[PDB]
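Shown here is one chain on its own, the form deposited in one PDB entry, set out as structure tokens.
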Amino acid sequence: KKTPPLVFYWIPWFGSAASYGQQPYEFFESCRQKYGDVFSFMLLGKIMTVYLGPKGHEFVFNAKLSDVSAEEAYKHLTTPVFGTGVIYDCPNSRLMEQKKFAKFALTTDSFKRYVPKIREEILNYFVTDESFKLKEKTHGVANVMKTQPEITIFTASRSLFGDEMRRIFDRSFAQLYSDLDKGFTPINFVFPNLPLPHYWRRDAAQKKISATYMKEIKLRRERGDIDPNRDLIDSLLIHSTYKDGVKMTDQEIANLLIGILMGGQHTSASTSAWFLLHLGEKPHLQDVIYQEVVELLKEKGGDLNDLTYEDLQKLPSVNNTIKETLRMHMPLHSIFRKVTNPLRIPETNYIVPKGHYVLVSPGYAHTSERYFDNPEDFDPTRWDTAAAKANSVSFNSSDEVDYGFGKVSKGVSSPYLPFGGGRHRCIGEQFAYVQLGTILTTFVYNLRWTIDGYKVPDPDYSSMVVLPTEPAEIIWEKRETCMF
């Protein structure tokens, strides 16, 4: 009566890892139907306490700074991958402000600039890459698991870092990111640093990529032109001063960029991968977006005026599509807080011993039939003339709160929380809809793809983000054959 019911573990230290590791939303539901909303289950030595539904969103995201802590849970996943000093390798208050700094490059004025850039890179890929080669080919097959992470990393790189850094990638140093990218695996949670080639190439890579950003930060500064609020590198050059007057070192700034680049790239890659495969099973939907985009362009020329950020606003169908994939495949299937003081689940007789791991999964409610009718059908129409990414789209108090990076909703009690809530809330929400929006609109305008006498592959949950199975590929044709 004082603790949540810990459950059976197939092999004990191993715990429920396979059932949960194989499918969390299924595993969660099986327990719910005979224990209720909260229950514990052990995993890799660490036992896991879960709270399902909106109320579990409140108890976790809105937990006091003293009761839980995300630094503890994420430290080894990120630090060895990004670097020291920043993001979970520092007090919470340092993290909060590092958000404030970064947000200055994620504003409406930046976004208007980012869209043409982001589109321009996509068009580079359509031509130069073997997957498409639109200039010479009219048919094609694209492995979305290859293309999307490359398109996402090139688009993010160009928007947030600039054109000098995007030209540096055209080289072998591209490799260094593949090596650091491999370092970013849930295998870190338990194995942070081992002596085999993987971990060495990963530490080496980090230090060389950190140097690359340090040198560009250096020159961009001394050269003396950091004036346009061009990007994320500019905004950290001018804002990197904490409350107390302490100032981030340039290596620390460099590690933050790496953190944010890889952080944003993985999540956004999944979602673009997923709405390509899903849009491919239902090509009817692609033509909905295509008609809407052409009607917006108006009378002649494929586009009367190349599509802008403001225009991206006027396209509910594009935005509704992004909301549906984030519902059906929230890249982050489970979010953790390590418990630092015993917690008294209210409207309950439970204490969560200190030292347990607290797991919240908005994705469950997203996939849940208890909260969405026909939850496993890809139907973006369910968003009824409501294309907003977020608002207090659910109940309880939704008044505002400031944790040090801008005022944010107090109430997190919604079934749909793809970007989370509370202090660790995502700051990249609007950058994603822009980036993904531009990828989507650029894709349908030039290509019409399909899905090979089949339907969407089963998701793999064994990595950072929820990704598709190995033979994941779309077969494209051209909506207009002659353009160069």
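Think of the rigid core as the biggest set of C-alphas that the two forms share within 1.5 Å after superposition. We number the residues from 1 along the sequence you see.
One more form of this protein exists, namely the form deposited in another entry; it is left out here, but the text below deals with it.
### Message
To test your reading of the superposition: with the rigid core aligned, which of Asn391, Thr381, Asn374, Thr108 moves its Cα by 2 angstroms or more between the shown form and the other one?
### Response
Comparing the C-alpha positions, the one residue that moves 2 Å or more is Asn391.
### Core-aligned C-alpha movement of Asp227 between the shown form and the other one, 2 Å or more
Yes, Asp227 moves 2 Å or more.
### Task
State yes or no: after fitting on the rigid core, is the Cα displacement of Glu299 between the shown form and the other one at least 2 Å?
For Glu299, whose C-alpha is compared between the shown form and the other one after core superposition, the shift is 2 Å or more.
### Message
Distance change of 3 Å or more between the C-alpha atoms of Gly263 and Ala388 in the other form: closer or farther compared with this structure?
### Response
Farther apart, which means the C-alphas of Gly263 and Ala388 are at least 3 Å more distant in the other form.
### Task
Work out whether the Cα atoms of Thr441 and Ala386 come closer together or move farther apart in the other form than they are in this form, the change being 3 angstroms or more.
Here the pair is closer than in the other form; there, farther apart.
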